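Working notes, structure below.
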Amino acid sequence: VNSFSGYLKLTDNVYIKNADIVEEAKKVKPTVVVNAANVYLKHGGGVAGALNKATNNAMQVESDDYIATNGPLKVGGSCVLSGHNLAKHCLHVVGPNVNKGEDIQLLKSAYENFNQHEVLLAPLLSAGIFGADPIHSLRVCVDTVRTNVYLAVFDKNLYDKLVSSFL
Ligand SMILES: O=C(O)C1(c2ccc(Cl)c(Br)c2)CC1
């Protein structure tokens with residue numbers, strides 16, 4: 001039993017809700033919140049910009065030190081950093097950005113990072129400003145993630161479309 005509330009159950013391990021991931025993280029304080037990161041951990045907009053804003057820029061400060069030490073992530077890769085006031089940990093995951101020409105096949109590799117964590121609060125990878133079809137992202141999530149994932153979808157219209165079209 002966990003504290004996630006109001007989710008629709010899609011499969012044995014995947015759950016979904018129309019919610020602002022920032023507000024959901026502040027309420028649940030999950031062990032892991034997933035960020036929709038880029039390779040530079042520049043949290044400018046989309047989910048990343050919103051999460052970073054909620055940390056009063058502490059996420060960005062920590063991320064800049066991470067990059068200075070380690071260099072950029074790979075597309076499809078991830079790193080674990082602090083969750084600050086939102087979660088115990090933040091798993092920064094880089095899905096391919098279609099608006100940069102990146103290979104959509106890398107979306108499966110991106111979701112594989114979730115399997116290293118038993119339970120996660122997450123957005124749909126490569127959705128929103130990353131330019132992929134969120135219906136496809138949900139399909140890849142369900143077919144790749146085996147651990148327990150709670151998906152927050154900000155847009156109500158999109159949430160209803162994802163549910164109504166789910167096979
Ligand atoms: O939750 C949402 O509405 C969606 C999303 C996902 C990731 C990012 Cl980065 C942004 Br922006 C938006 C899925 C469309």
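Residues that are aliphatic (A, V, I, L, M), in a loop (DSSP other than H, G, I, E, B) and farther than 13 Å from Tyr159 by Cβ within the stretch 1-25 comprise just one, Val1.
Any idea which residue in the stretch 113-130 is farthest from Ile67 (Cα to Cα), counting only those that are surrounded by fewer than 16 Cβ atoms within 10 Å (Cβ to Cβ) and not aliphatic (A, V, I, L, M)? That would be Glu118. If you go through the stretch 98-117 and keep only what is free of Cβ contacts under 8 Å to residues at least 40 places away in the same chain and closer than 25 Å to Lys88 by Cβ, you end up with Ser109, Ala110, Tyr111, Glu112, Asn113, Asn115, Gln116. The residue pairs whose first member lies in the stretch 1-17 and is among the aromatic types (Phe, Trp, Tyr), whose second member is exposed (fewer than 11 other Cβ atoms within 10 Å of the Cβ) and in a strand (DSSP E or B), and whose beta carbons are closer than 8 Å, counting only pairs six or more residues apart or on different chains, are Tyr15/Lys9.
Filtering the stretch 47-63 to residues that are away from the ligand (no atom under 16 Å from the Cβ) and more than 21 Å from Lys88 (Cβ to Cβ) leaves nothing. Residues that are farther than 18 Å from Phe114 by Cα and away from the ligand (no atom under 14 Å from the Cβ) within the stretch 12-27 comprise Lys26, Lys27, listed in sequence order.
Within the stretch 68-91, being charged (D, E, K, R) and more than 16 Å from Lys29 (Cα to Cα) holds for one residue alone: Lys74. The condition of being free of Cβ contacts under 8 Å to residues at least 60 places away in the same chain, in contact with a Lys or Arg (Cβ under 6 Å, 6 or more places away or on another chain), crowded, with 17+ Cβ neighbours inside 10 Å and hydrophobic (A, V, I, L, M, F, W, C) holds for only one of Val140, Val93, that being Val140. For the stretch 143-161, filtering for residues that are surrounded by fewer than 19 Cβ atoms within 10 Å (Cβ to Cβ) and of a type in the set (A, V, I, L, M, F, W, C) leaves 1. Restricting the first member to the stretch 25-41 and to residues that are in contact (Cβ under 8 Å) with a residue 12 or more places away in the chain, and the second to residues that are of a type in the set (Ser, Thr, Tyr), the beta-carbon pairs closer than 6 Å and six or more apart or on different chains are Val28/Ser3; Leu41/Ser63.
Every residue, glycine as well, gets a Cβ built from its backbone with ideal geometry; the counts of neighbours run over all protein chains shown. Read the figures in this text as sums done on the coordinates, not as results from a lab.
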